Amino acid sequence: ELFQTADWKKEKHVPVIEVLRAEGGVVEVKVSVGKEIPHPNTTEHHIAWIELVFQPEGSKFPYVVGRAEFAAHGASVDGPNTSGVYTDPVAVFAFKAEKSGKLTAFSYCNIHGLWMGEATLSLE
């Protein structure tokens, strides 16, 4: 597959999924690349986006919950890595859900290809 997987404790590229809240219909999910091991963020090398998909139990098809783009990577008129502005590849997705299901995150490095990770959403 194009979507690489790995242990996130060992591999900086794996998008890590964290369920911050899941109760009373409302959910809070944080996705982060480089959680254990930081990934570089330079004009030449950076994580560009994270996309979160959720498939409720009982639903034949998955739904994209959202997508986060990280657009600043130090680039300026003075040259690469000079602007002082760097977007950290961490996104928080807030959404309503009526029952439990599966989460999948997709992420992209401009040089190291595509990555995915999976997690259970246990709704209360």
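Numbers follow the displayed sequence, beginning with 1.
If you average the C-alpha B-factors over 110-118 and over 12-20, the higher value belongs to 12-20. As listed in the deposited structure, the average C-alpha B-factor of 43-51 and of 56-64 is greater for 56-64. As recorded in the entry, 26 carries the highest CA temperature factor of 26, 90, 37, 75. Remark: residue 97 belongs to the highest third of its chain, ranked by C-alpha B-factor as recorded.
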